[PDB]
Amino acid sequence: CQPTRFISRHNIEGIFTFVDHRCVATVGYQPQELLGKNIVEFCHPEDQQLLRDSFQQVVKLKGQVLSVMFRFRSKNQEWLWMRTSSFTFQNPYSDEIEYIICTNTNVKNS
């Protein structure tokens, strides 16, 4: 039985710049409801600073994976536990700013 998961890309600030349509089954939103918003806007107030600090560190970790668990507000206004695994990508043929790639899975907290 597959976990429910979807990919997103963010800028280093946390704003969704790409959202895989598997999000509709995972959290209920159409990709265009997430695009242009900061992931922290969907995050439980107790988890928002950890999520900001996580986006801040992933760029220091030399392209290695950083994981975070946090409560994400579904389209039904319910808090779902999400495990986001993130890493940076920067194309070495260029000097363009790195962006962050995330995989977002609904997980159990137990």
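Position 1 is the first residue in the sequence shown; the rest follow in order.
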Pick between 57-65 and 39-47: the one whose mean CA B-factor in the entry is higher. 57-65
Tell me, lowest, middle or highest third: where does the Cα B factor of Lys75 rank within its chain? highest
Should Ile97 be placed in the lowest, middle or highest third of its chain by the C-alpha B factor in the entry? highest
Sorting the chain's CA B-factors, does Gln2 end up in the lowest, middle or highest third? highest
Sorting the chain's CA B-factors, does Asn106 end up in the lowest, middle or highest third? middle
